[PDB]
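Just below is one structure, and these are the notes that go with it.
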Amino acid sequence: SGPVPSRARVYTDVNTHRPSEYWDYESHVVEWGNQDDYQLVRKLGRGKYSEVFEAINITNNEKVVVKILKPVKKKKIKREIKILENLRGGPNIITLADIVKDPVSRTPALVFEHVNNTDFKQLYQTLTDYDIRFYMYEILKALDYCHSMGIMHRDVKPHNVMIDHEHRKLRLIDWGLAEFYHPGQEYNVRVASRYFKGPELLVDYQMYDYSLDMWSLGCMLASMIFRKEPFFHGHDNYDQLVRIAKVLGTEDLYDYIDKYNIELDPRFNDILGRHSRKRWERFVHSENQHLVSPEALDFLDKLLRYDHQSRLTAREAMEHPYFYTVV
Ligand SMILES: CC(=O)NCCCNCc1ccc(-c2ccccc2)c(Cl)c1
Ligand SMILES: Cc1ccc(O)c(C(=O)O)c1
């Protein structure tokens, strides 16, 4: 007949009960600030259709971040702007401070609050079991917030989590892939970065929800506690699912596709194979045992599940025993 419909177990109808003003980002009126208020200092990085710069707001001598967008698609820019304005002030959500335009090049730029990112490659060795529990909890505060506001981030990964370790400040950045959750809507599966992509995306199941973010979060936690970057190392989108199946096993994959009447792409036939369900304890080694505990393993087991409906919600995750040591 076709695939079985699905819906989020929490915050299902938050957008349904809100005016069109909230979620109709295409109708949203954007108002430009003064580009001249900002002096570009240095290039921070380069994205798909963006160039990120450290800058100074010369009207208050304050450091800011300017993300210049290659205006490839207007609807996309408007969606990012609306979502950022809706979530502004939310816990651990990057604060959009201004929106500016370069008249000569005819290029939009989003201006954010500055975050001093502490070096990731130097964090990895010194970091403790407590530090992982603490920053995991800070990310879930950002997720429970944006999901309660009817938004899925759809690009949760270490590059999109900024940390100022000195001040124990975390921010969830780059809301360029984020979308308003409407029950029953069929979304584009070309979202998230390969390693972080949930099985729903890999099997082309379009009626996904907030729970997509909880899978990406589980990939990050597995990678941190096991010191294995990335945890699921696919070489392409079909291989990515094969890497998951090498961990979760192929039996539960068939239970997932059957439950939702998903048509597996024929490209999966020769590469899928047969895989047994692995124990999480098998990934424990001398290099990572100080970060691993039974609470961490029970928590991870509750996030990394094929069935999107069966994953912990951000709020259920915050109530898990893994976070009993955090405030
Ligand atoms: C734009 C830009 O400069 N990005 C830099 C990305 C910086 N990433 C560093 C980092 C460090 C720790 C974690 C983490 C993960 C799981 C639990 C606890 C902490 C994550 Cl997700 C990311
Ligand atoms: C602070 C900061 C740095 C880089 C970025 O790309 C963003 C963002 O996308 O929101 C934010």
Side-chain angles (χ1 to χ4, degrees), residues 6-12 92 129-148 152-154 156-158 161 170 172 181 192 195-203 205 208-228 230-232 240-241 243-257 259-260 275-284 288-289 291-326:
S6 169
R7 59 190 171 136
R9 291 165 41 229
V10 292
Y11 310 133
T12 324
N92 305 321
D129 173 28
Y130 175 81
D131 297 324
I132 297 174
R133 293 177 195 235
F134 178 80
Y135 291 122
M136 277 303 293
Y137 197 84
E138 288 310 300
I139 293 166
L140 279 163
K141 289 204 286 211
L143 295 177
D144 184 53
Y145 182 75
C146 74
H147 298 166
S148 83
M152 318 175 245
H153 186 277
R154 315 192 301 174
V156 171
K157 60 174 183 190
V161 176
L170 185 147
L172 184 57
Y181 174 73
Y195 310 138
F196 299 99
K197 280 176 192 280
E200 53 273 48
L201 298 191
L202 305 175
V203 308
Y205 183 81
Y208 62 83
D209 59 78
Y210 311 121
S211 58
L212 167 62
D213 290 333
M214 304 301 301
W215 174 276
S216 306
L217 182 66
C219 295
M220 272 180 0
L221 170 74
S223 182
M224 281 309 298
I225 66 169
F226 298 138
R227 293 189 87 223
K228 186 185 184 301
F231 185 75
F232 300 113
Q240 190 62 38
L241 185 66
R243 307 313 294 182
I244 299 168
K246 278 165 160 281
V247 189
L248 306 194
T250 52
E251 178 176 304
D252 293 355
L253 175 53
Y254 283 103
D255 277 357
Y256 175 54
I257 63 132
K259 189 192 154 182
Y260 297 95
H275 303 284
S276 66
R277 186 159 36 260
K278 302 308 189 300
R279 286 223 277 269
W280 295 105
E281 297 73 13
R282 300 197 189 230
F283 302 92
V284 185
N288 71 33
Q289 55 88 49
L291 308 168
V292 177
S293 61
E295 314 95 64
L297 304 185
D298 180 72
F299 177 57
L300 187 66
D301 186 53
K302 284 159 159 61
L303 290 177
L304 294 183
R305 319 201 138 162
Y306 284 119
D307 187 3
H308 54 275
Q309 274 180 21
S310 308
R311 293 173 206 148
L312 286 181
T313 62
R315 187 63 249 181
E316 288 161 354
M318 292 163 83
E319 292 294 349
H320 190 273
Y322 182 62
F323 302 113
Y324 284 177
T325 63
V326 313

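Just so you know, residue 1 is the first one in the sequence shown, and it goes up from there.
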Roughly how far, to the nearest 0.5 Å, is [atom2] of [Y] from [atom1] of [X]?
{"X": "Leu303", "Y": "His320", "atom1": "CG", "atom2": "NE2", "result": "8.5 Å"}
{"X": "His275", "Y": "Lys246", "atom1": "NE2", "atom2": "NZ", "result": "5.5 Å"}
{"X": "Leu143", "Y": "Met152", "atom1": "CG", "atom2": "CE", "result": "13.0 Å"}
{"X": "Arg133", "Y": "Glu138", "atom1": "CZ", "atom2": "CD", "result": "15.0 Å"}
{"X": "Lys259", "Y": "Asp252", "atom1": "NZ", "atom2": "CG", "result": "12.0 Å"}
{"X": "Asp301", "Y": "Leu312", "atom1": "CG", "atom2": "CG", "result": "9.5 Å"}

Side chain to side chain contact (heavy atoms under 4.5 Å, CB included) partners for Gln289, two or more places apart: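 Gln289 satisfies side chain to side chain contact (heavy atoms under 4.5 Å, CB included) with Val284 once adjacent residues are dropped.
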
Quick one: side chain to side chain contact (heavy atoms under 4.5 Å, CB included) partners of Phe231, sequence neighbours excluded?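 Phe231 satisfies side chain to side chain contact (heavy atoms under 4.5 Å, CB included) with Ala222, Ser223, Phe226, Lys228, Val247, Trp280, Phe283 once adjacent residues are dropped.
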
With side-chain contact (heavy atoms from CB on, under 4.5 Å) as the test, would you mind laying out the steps for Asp307 and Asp255 before giving the verdict? CA-CA 9 Å; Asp307 187 3; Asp255 277 357; over 6 Å; no

Is there a side-chain contact between [X] and [Y] (heavy atoms, below 4.5 Å)?
{"X": "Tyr322", "Y": "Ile132", "result": "yes"}
{"X": "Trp215", "Y": "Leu304", "result": "yes"}
{"X": "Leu297", "Y": "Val292", "result": "yes"}
{"X": "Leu291", "Y": "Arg227", "result": "yes"}
{"X": "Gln309", "Y": "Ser211", "result": "no"}
{"X": "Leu253", "Y": "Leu248", "result": "no"}
{"X": "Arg7", "Y": "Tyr181", "result": "yes"}

What's the shortest heavy-atom distance between [X] and [Y], and which atoms?
{"X": "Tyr256", "Y": "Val203", "value": "CE2-CG2, 4.2 Å"}
{"X": "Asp209", "Y": "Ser6", "value": "OD2-OG, 4.4 Å"}
{"X": "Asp213", "Y": "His153", "value": "OD2-N, 3.0 Å"}
{"X": "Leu202", "Y": "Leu241", "value": "CD1-N, 3.7 Å"}
{"X": "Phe299", "Y": "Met136", "value": "CE2-CE, 4.0 Å"}
{"X": "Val10", "Y": "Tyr210", "value": "O-CE1, 3.4 Å"}

Can you establish whether the number of heavy atoms outside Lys141 located under 6.0 Å from its atom NZ is more than 12?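 Yes, NZ of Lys141 has more than 12 neighbouring heavy atoms, counting only those of other groups under 6.0 Å.
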
Is atom CZ of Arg315 surrounded by more than 12 heavy atoms (other residues, nucleotides or ligands) closer than 6.0 Å?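 Yes - once you tally the heavy atoms of other residues, nucleotides and ligands closer than 6.0 Å, there are more than 12.
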
Take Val326 and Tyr130 through the test side-chain contact (heavy atoms from CB on, under 4.5 Å) and record every step on the way to the result. CA-CA 8 Å; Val326 313; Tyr130 175 81; 4.1 Å; yes

Treating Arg277 as the side-chain partner and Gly249 as the backbone partner, does any N or O pair qualify as donor plus acceptor under 3.5 Å?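 No: the side chain of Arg277 does not pair with the backbone of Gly249.
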
What do the steps show when you test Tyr195 against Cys219 for side-chain contact (heavy atoms from CB on, under 4.5 Å), and what is the final call? CA-CA 8 Å; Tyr195 310 138; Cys219 295; over 6 Å; no

Pair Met214-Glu316, side-chain contact (heavy atoms from CB on, under 4.5 Å): steps then yes or no: CA-CA 11 Å; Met214 304 301 301; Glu316 288 161 354; over 6 Å; no

Residues that [X] engages under ring pair (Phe, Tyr, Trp, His ring centres under 6.0 Å), provided they are two or more places apart:
{"X": "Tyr208", "result": "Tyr187"}
{"X": "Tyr137", "result": "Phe323"}
{"X": "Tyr205", "result": "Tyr260, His308"}

Is there a donor-acceptor contact under 3.5 Å linking the side chains of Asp144 and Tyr11?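 A donor-acceptor contact under 3.5 Å links the two side chains.
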
Run the salt bridge (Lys or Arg N to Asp or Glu O under 4.0 Å) test against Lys302 and tell me which residues pass, sequence neighbours left out.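 Checked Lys302 against salt bridge (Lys or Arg N to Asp or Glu O under 4.0 Å); matches are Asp298.
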
